[PDB]
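Descriptive structure summary
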Amino acid sequence: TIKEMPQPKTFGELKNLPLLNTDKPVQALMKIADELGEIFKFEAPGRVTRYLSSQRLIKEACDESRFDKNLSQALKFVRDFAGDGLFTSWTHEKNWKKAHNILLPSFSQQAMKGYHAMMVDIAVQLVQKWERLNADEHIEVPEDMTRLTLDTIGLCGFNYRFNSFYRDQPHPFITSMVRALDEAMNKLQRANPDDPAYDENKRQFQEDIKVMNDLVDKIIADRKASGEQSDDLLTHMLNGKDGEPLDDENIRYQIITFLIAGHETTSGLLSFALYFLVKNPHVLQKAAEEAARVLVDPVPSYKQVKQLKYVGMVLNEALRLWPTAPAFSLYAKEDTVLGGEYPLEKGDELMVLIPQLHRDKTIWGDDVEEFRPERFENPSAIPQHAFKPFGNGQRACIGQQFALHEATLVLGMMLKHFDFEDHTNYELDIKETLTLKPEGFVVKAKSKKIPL
Ligand code: HEM
């Protein structure tokens, strides 16, 4: 029989909005979920969504015959610069399906062999950076992880070197993209967007879009002119056919997309992993021992990364606790009932609150808050739709294998090359942008004097 949908405190015509008067809205919604349970309605002026937190409801939402990816308002604003790349396209846009079909084989686990040398290139740069630090100095963790992931995606995506490890101020592309991402997210909590006070924001937003497009269009053009074949996604996209290839502007949007979709999620994952590693020294030692036992050569080979099983488990456990893209939106394809209790109208939006999902005690046990890579010892033991840091179904993360291969490589290399110290007894503080990251996370890395 039909249930009254829980909803948190309403504030007259502001609805539930004031509850998100915070720079930590995801963490705020987690607290609401902890109070209200597996499902709640959340209203703002002109907006309604329902937050799902239980594996039970989310498995059902994960039925693609019943629910399909929705573009959240975040994605709708990101779309201004990510256009109709995969991430910000409706499933029923032909460019979604076309691009999806073309790119998927180039994002497979098999394809990761072709990117490995480039990820190694940037990973070695990270290690060398840290090798070259003076004895007193520390590492700004998410800061260097983001240098690494932006560079790695730049290099594998379109053979472009941002050379973030050569700079204080990032490449102009990266400044524009990060500033564009920031504006997209600032627009979520902007009630009066037409306030002249934002004219400069709007001018800057346009400048940043032009910077991104010009760089990527130039490089696409240079490649189409040379016909050079390389190991990058760009080569795949230029060669792909559905009969017709992606047009050059969609390819630009996919390159921009891989950067937006991948850089911070992946850098956050590395940061959260290392955080959990230093806060659990017995896990760190097990991981460090595997890295030494497995990464026997100066350069990690593709095959060796695949053998870093425990590193893989540490990464999944960090993803369980702090999925760095913590929410994704769905809509009801038809009027339906969710969970046998909650009627939904065609077009009704649902948000999957991934960190809450991942703390479903009926699935994981009472110890959900504890960092235990061992949960992942046997992945077949994890129920369907219990673990969703990479989204769902045909709209799941296309970069999942790339991200995990990257993160495993890099984590492996860090563990092989350094002993790490939580010199500040760092206190977890999760900054929310469009992704999650442990802000201010700093460590000291003491080199084991192992040559590369
Ligand atoms: C730990 C790292 C990552 C996490 C946690 C993550 C998470 C996600 C999630 C949750 C989605 C689905 C969002 C939704 O339903 O609206 C998604 C989609 C996507 N991601 Fe990832 N991502 C990661 C790394 C990457 C990387 C490295 C790339 C590119 C190389 C990438 C490219 C994409 C693309 C193109 C989509 C859209 C897929 C589609 O709808 O066809 N991601 N990601």
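Residues numbered from 1 in each chain as written, not as in the entry; some residues may be left out. Heavy atoms only, no water.

Going by the header, the method for this PDB entry is X-ray crystallography, and the resolution given is 2.10 Å.

The protein is annotated in the PDB entry as BIFUNCTIONAL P-450\:NADPH-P450 REDUCTASE from Bacillus megaterium.

It is worth spelling out the overall build of the protein at this point. Secondary structure assignment for the protein yields 16 helices and 12 strands. Over its C-alpha trace the protein gives a radius of gyration of 22 Å, about what one expects of a compact globule, namely 22 Å for 452 residues. Counting only C-alpha atoms, the protein reaches 65 × 55 × 45 Å along its principal axes. The buried share of the protein, reckoned over its 452 residues, is 55%. Approximately 19900 Å² of the protein is accessible, and the part contributed by carbon and sulfur atoms is 49%. On the protein, the mean spot of the 56 positive side-chain charges and the mean spot of the 68 negative ones are 3 Å from each other. (Helix = DSSP H or I, 4+ residues; strand = E, 2+ residues; numbered from the N terminus. Rg over C-alpha atoms; globule rule 2.2 N^0.38 Å. Buried < 20%, exposed > 50% of the residue type's maximum accessible area, 1.4 Å probe, protein only. Areas by Shrake-Rupley, 256 points an atom, 1.4 Å probe, with all protein chains shown as cover. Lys, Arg positive; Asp, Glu negative; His and termini not counted. Charge placed at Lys NZ, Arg CZ, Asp CG, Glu CD.)

Let us look at the pairing of strand β12 (residues 442-447). Pairing analysis gives two bridges linking strand β4 (residues 139-140) to β12, with the strands arranged antiparallel. By the bridge assignment for β12, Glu140 is matched with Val442. As judged from the four bridges shared by strand β9 (residues 418-421) and β12, these two strands associate in the antiparallel manner. In the strand pairing of β12, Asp419 is matched with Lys446. (Pairing = 2+ DSSP bridges.)

Mapping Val296 onto the fold places it in the loop between α11 (281-294) and α12 (302-307). Here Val296 falls in the exposed class, since its relative accessible area comes to 58%. Along the backbone, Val296 and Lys416 are 120 residues apart, and their C-alpha atoms lie at a distance of 9.3 Å. Not counting the four nearest positions on each side in its chain, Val296 is found in contact with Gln304 and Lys416. (Contact = heavy atoms within 4.5 Å.)

Turning next to the site of the ligand. Around the ligand, 26 residues are found, and the nearest of them are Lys69, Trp96, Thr265, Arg395 and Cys397. Measuring from an oxygen atom of the ligand, one finds a backbone N or O atom of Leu86 at 3.3 Å. Here an oxygen atom of the ligand sits 2.9 Å away from a polar atom, N or O, in the side chain of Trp96. Elements that contribute at least two residues to the shell around the ligand include exactly α4 (94-107), α10 (248-279) and α16 (400-417). Element by element, the count of residues in the shell around the ligand is highest for α10, at seven residues. A class-by-class count of the residues in the shell around the ligand yields 17 nonpolar, seven polar and two charged. (Near = heavy atom within 4 Å. Polar contact = N/O pair within 3.5 Å; in protein donor to acceptor, adjacent residues only side chain to side chain. Nonpolar A, V, L, I, M, F, W, Y, C, P; charged D, E, K, R; others polar.)

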